[PDB]
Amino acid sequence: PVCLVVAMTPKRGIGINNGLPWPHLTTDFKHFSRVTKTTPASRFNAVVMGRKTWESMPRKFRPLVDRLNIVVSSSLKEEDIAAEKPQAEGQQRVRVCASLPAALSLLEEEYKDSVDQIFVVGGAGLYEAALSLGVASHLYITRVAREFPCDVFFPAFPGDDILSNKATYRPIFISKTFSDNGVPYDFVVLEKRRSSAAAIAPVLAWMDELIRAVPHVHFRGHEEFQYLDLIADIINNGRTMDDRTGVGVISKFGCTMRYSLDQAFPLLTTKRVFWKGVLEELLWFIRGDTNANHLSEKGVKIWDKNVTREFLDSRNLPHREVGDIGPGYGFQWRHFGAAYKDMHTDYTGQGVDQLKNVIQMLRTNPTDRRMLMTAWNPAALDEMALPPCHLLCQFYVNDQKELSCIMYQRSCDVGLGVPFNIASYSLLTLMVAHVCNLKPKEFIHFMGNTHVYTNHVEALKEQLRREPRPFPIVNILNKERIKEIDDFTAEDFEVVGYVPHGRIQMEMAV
């Protein structure tokens, strides 16, 4: 009974020029070491590797310490390796076998009572052989989110859908996303499938009491499970209600999520998120721009259905031009309380610049607890095309110059809006962190009326069948040029290692 351990690009790439495709991934090596070395005493674990894999390792690390080293080869001889370096006391002698079945028989014959767990460590020859023999029970895969140039590949296998879009190997473990040297990765484990509290228990018994996302995944480290469990939760336990749009709603009240920003970026992978949109909208907010046609001209039509002549009239605003959101979001952000006229007016210097206040406070007095920005203006609500959903955000600096952000959202379209909102404010945190010389730490999402529309239910149930991929990294390009929040452009950002599942069509409740 054998276990395989691999690091892999989304296209199954494992190596190039008898070396690793990526820069050093320290956490991955910690992982490789820990899994292969650990045992309950008398016994040790075995690592079976191909000849080139052996030769790819640098001298000082070979043989792998505290593990029996077996090299599958026909050219290399046991004495070749012995002559390579003197065998350290207490360590096992490096054995060589002609094939994998040979290496397994050697383990059975001379190493019973001596070895615990057998690990196939590479390369493509041994991985393919172990899969052909079907002797592999578990796969320890490190999913390198980025694609690199590779000449050697891990073989295709049933269940390789965990890497990229297309007896089975099903994920039973998915971790949160890590990152080393600008490379995002996570860890999955696949499986071959084909009177103490006893007396307390009866009171427990009478007090005690359907849809789950990828139920087989037992360890749910990936931070996207928050969102997937949130959808299930609302469908399971939510209340069917009437709604402004006329479309049905299953709603919940006061839900919550939080996402790390220090390793990777929470751009949801279980469906493709329109990143061009979030970026272009966020920048639009930051200008204090209130013309939806500027977004519409860039291919970002997210506000068009809510700025039509028809919708502006149902809002009792016949004096609004097509594309005028009124003084919402960006306007209150940069010009709180200023008297609105139209989208074409210059409001420079009017009202309160909340964003500039927050940023200056972050830069001088980061322990202040009044670092808040609100879009909710009860005086101007009837002038907006739609009252803001994400209406407030608060900032917080800790011991280690690490920035976190809370955003309150009164109304959350789980299916369509939520993934977008997570990305939009997580980006804002990165931007503010850079400008104030801070490290981004965490985005915290506080949700009011949290709902899925009835016409989304079927699509979301399909989405729950997909296991999340590692999160991407978002890099700020041109860091030296950008010094203020108004310096960011649409070309100052790089999404690296984004490998989502396919787009899912969901109609915007108008």
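A residue's number is simply how far along the shown sequence it sits, counting from 1.
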{"property": "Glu224 coordinate gap across at least a third of other entries", "result": "no"}
{"property": "Other entries lacking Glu209, at least a third", "result": "yes"}
{"property": "Interresidue gap class [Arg194, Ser195; deposited sequence, unmodelled]", "result": "10 or more"}
{"property": "Gap size, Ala167 back to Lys166 (deposited sequence, no coordinates)", "result": "4 to 9"}
{"property": "Segment of higher mean CA temperature factor, 52 to 60 or 449 to 457", "result": "52 to 60"}
{"property": "Between 71 to 79 and 300 to 308 (mean CA B-factor, as deposited), the higher", "result": "71 to 79"}
{"property": "Which of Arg43, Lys441, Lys483, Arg469 ranks first by CA B-factor in the deposited coordinates", "result": "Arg43"}
{"property": "Deposited CA B-factor, highest of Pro327, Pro202, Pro266, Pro149", "result": "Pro202"}
{"property": "CA B-factor placement of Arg410, once the chain's modelled residues are sorted into thirds", "result": "lowest"}
{"property": "Within-chain third of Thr26 by Cα B-factor, per the entry", "result": "middle"}
{"property": "Among modelled residues of the same chain, the CA temperature factor third for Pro155", "result": "middle"}
{"property": "Entry-reported Cα temperature factor of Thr38, expressed as the chain third it lands in", "result": "highest"}
{"property": "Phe225 - which third its CA temperature factor falls in, relative to the rest of the chain", "result": "lowest"}
